[PDB]
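Here the structure comes first, spelled out in structure tokens, and everything after it is commentary.
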Amino acid sequence: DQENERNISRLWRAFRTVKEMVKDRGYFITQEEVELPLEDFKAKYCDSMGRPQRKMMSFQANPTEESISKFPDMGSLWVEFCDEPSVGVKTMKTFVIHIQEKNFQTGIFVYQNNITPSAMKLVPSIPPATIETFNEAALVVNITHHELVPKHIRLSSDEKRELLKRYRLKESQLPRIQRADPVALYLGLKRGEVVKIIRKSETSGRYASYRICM
Amino acid sequence: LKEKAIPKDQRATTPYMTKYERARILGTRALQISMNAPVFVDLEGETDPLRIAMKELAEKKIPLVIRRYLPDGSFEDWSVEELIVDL
Numbered sequence: 002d003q004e005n006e007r008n009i010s011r012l013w014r015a016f017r018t019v020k021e022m023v024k025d026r027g028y029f030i031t032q033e034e035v036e037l038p039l040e041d042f043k044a045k046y047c048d049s050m051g052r053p054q055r056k057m058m059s060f061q062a063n064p065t066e067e068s069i070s071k072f073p074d075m076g077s078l079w080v081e082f083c084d085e086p087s088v089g090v091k092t093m094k095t096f097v098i099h100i101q102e103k104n105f106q107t108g109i110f111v112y113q114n115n116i117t118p119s120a121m122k123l124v125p126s127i128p129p130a131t132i133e134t135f136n137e138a139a140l141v142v143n144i145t146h147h148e149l150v151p152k153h154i155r156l157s158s159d160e161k162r163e164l165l166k167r168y169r170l171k172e173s174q175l176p177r178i179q180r181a182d183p184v185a186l187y188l189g190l191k192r193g194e195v196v197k198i199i200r201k202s203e204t205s206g207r208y209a210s211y212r213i214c215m
Numbered sequence: 069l070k071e072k073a074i075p076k077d078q079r080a081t082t083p084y085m086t087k088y089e090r091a092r093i094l095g096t097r098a099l100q101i102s103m104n105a106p107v108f109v110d111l112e113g114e115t116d117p118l119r120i121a122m123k124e125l126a127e128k129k130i131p132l133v134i135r136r137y138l139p140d141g142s143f144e145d146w147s148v149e150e151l152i153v154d155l
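Each protein sequence line maps, in turn, to chains A and B.
full-length UniProt numbering runs 1 ahead of the 1-based position in the first sequence.
full-length UniProt numbering runs 68 ahead of the 1-based position in the second sequence.
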């Protein structure tokens, strides 16, 4: 057993959360793809003896028919897992070009321990494509799932325009959310994008607030 | 701009009168009555300007209009006559 079993259980816990988040973003992921048990996970991505083989785990995802009605320009997302704890500019440039060639809209990187500042230079380097950096260790638990974390909903250019029009608002007057906010990273909120937050209330049953990105 | 004025059709504010509006119309009218302004109600032996203004308000014979401004500056003009006084 030792501690390799715990690193396997932990990698799997963080994997379910990537699947959860890629679905929650608007992509097509089955409940079966999410609720993939630990034994089945080992079976798929474990080498000659039984250690984790992250290189294989890397997967593309496509928008649901619903996502293309609200955000038609929201293209395909690529998720990448690296078997190297430290990710260097050499292994990074491989990924950056893969997203360029496959004409990908967004790309997510799940690094084990760190990404070298040399590799980090390549993140904004290829627009329109946007690259996301996620620490494998942070993804173990889905924060969105917590008691206190309410439901955040990304609003289309139209949904936002309507909101400001219906409340006679300037983009400023709106309550703000940080671009670095755990939920904003989860939903991959870009600056300007408005989020609608639905929480329960002890005064009304439900209450809806809105938060503009920064 | 005079896009500032919101038209009669399309008006969102309470069809009821605010506690503050009442206090201010009553006061405004009392002060005007008090400085010998014309009284639109039959003062049935009445002599106190506030009471005369409360008599004016109950009969809805107050010629004033509330310009209710919104956070952007646009306003809805409501009349003392047309405002419900549930208070």
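Note that the Cβ used here is the ideal one computed from N, Cα and C, for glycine as well.
Secondary-structure assignment with DSSP links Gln61(A) through a beta bridge to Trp79(A). In chain order, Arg169 make up the part of chain A whose C-beta sits under 8 Å from the C-beta of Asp140(B). The three-state secondary structure of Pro183(A), taken from DSSP, is helix. If you look at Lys197(A), you'll find it in the beta strand (DSSP E) that goes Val195 to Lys201.
In terms of CA proximity to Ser68(A), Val23(A) leads the group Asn115(A), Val23(A) and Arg52(A). Of the residues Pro73(A), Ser49(A), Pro183(A) and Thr65(A), the one whose Cα lies closest to the Cα of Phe29(A) is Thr65(A).
The residues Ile198, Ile199 and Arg200, in chain order, have a CB closer than 7 Å to that of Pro151(A) in the same chain once the five nearest residues on each side in sequence are set aside.
Every alpha helix (DSSP H) of 4 residues or more that sits fully in the segment 84 to 135 of chain A is shown, in chain order, as 90 to 102 and 118 to 121.
Inter-residue distance for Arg119(B) and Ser205(A) is about 40 Å (C-alpha atoms, whole angstroms). At the C-beta level, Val109(B) and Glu127(B) come within 9 Å of one another.
In the DSSP assignment, the residues bridged to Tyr211(A) are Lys197(A). In the structure shown, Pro53(A) adopts extended strand secondary structure according to DSSP, grouped into three states.
Within 10 angstroms of the beta-carbon of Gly108(A) lie 16 or more other beta-carbons, which makes it buried. Counting every other CB atom within 10 Å of its CB across the protein chains shown gives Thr95(A) a total below 16, marking it as exposed.
Excluding the 5 residues flanking it on each side, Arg155(A) has same chain C-beta neighbours closer than 7 Å at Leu188, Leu190, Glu194 and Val196, in chain order. C-alpha of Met122(B) to C-alpha of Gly113(B): approximately 14 Å in a straight line.
Counting only residues of its own chain and dropping the five nearest sequence neighbours on each side, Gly76(A) has a CB closer than 6 Å to the CB of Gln106. Within the same chain, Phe110, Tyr112, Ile116, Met121 and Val124 come within 8 Å of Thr134(A) by CB-CB distance, once the 5 residues on both sides are set aside.
For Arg136(B), there is no enclosing alpha helix (DSSP H); the enclosing beta strand (DSSP E) has its first and last residue at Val133 to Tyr137. At the C-beta level, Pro183(A) and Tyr211(A) stay beyond 9 Å of one another. Around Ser126(A), the same chain offers no residue with a beta carbon nearer than 6 Å, after the five sequence neighbours per side are excluded. Within the model, the alpha-carbon separation for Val90(A) versus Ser119(A) is close to 6 Å. Partner residues in the beta bridge of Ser147(B), as assigned by DSSP, are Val133(B). The Cβ atoms of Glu124(B) and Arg92(B) do not sit closer than 9 Å to each other. According to DSSP, residue pairing for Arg155(A) in a beta bridge involves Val196(A).
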